[PDB]
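In structure tokens, one chain follows: the form deposited in one PDB entry.
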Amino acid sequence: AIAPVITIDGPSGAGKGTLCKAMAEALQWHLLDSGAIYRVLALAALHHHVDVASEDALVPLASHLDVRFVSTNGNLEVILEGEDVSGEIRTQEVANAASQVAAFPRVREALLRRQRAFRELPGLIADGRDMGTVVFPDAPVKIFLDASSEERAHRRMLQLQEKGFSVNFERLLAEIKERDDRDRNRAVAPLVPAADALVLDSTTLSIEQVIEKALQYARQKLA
């Protein structure tokens, strides 16, 4: 309950993950990739044949979901039912399925405790959509990392090409656009910056610049 927390909310592909890892390292604080949980759940639904369009069927899945995260030894390691799925949850599908699953209010609430349990001394950087607005309301440090949707798409495309996957800009743009709209239009706990959240727009800023500003702001408020 009583422990500092830095929330980093923002749309898809805004670089929250990186920014979260970089700050966790610079502060030797714990990390929480909330998206990973939603993605893990969606992967459980697929394996256990649970209808992703059914709130009733997802709830029992959510409350009894056996997940597990291991310390970022250079990377994150997601474990479902004792099986490293770290790569499988990083596909487009799952990502689409996590959005879908994420829309049901009853589901989110059934996951509330698991996320809040990451709040431990000395600190916790929390990456998600509603960390600063629902999950940890009283966070002393709230950042809303964002960009234009065109930029985030270009970055995503360039990242895919690095790994050698075919790409299309138009398509990718429509992929995230849909994703955000869903997470933004959602009647319960939608994407939206907390009033006291610092809006970080990284459109023209390099990666180091983002970290630089994020850390400057954090250290200031946390003394």
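Residues carry their position along the shown sequence, with the first being 1. We call the rigid core the largest set of C-alpha positions that still match within 1.5 Å between the two forms.
From this point on, the text means the form deposited in another entry, which you will not see here.
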**Request:** With the two forms aligned on their rigid core, point out which item of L31, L198, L27, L65 shifts its C-alpha by 2 Å or more between the shown form and the other one.
**Result:** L65
**Message:** Quick check: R116 between the shown form and the other one - does its CA shift reach 2 Å or more after fitting the rigid core?
**Reply:** no
**Request:** With both forms fitted on the core, give yes or no for whether the Cα of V135 moves by 2 angstroms or more between the shown form and the other one.
**Result:** no
**Message:** On a rigid core superposition, would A153 pass a 2 Å threshold for CA movement between the shown form and the other one?
**Reply:** no
**Complete:** With a difference of at least 3 Å, the CA distance of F104 and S12 in that other deposited form shows the atoms farther
**Fill in**
Against the displayed form, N96 vs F144 by Cα, in that other deposited form, with 3 angstroms or more change: pair is farther
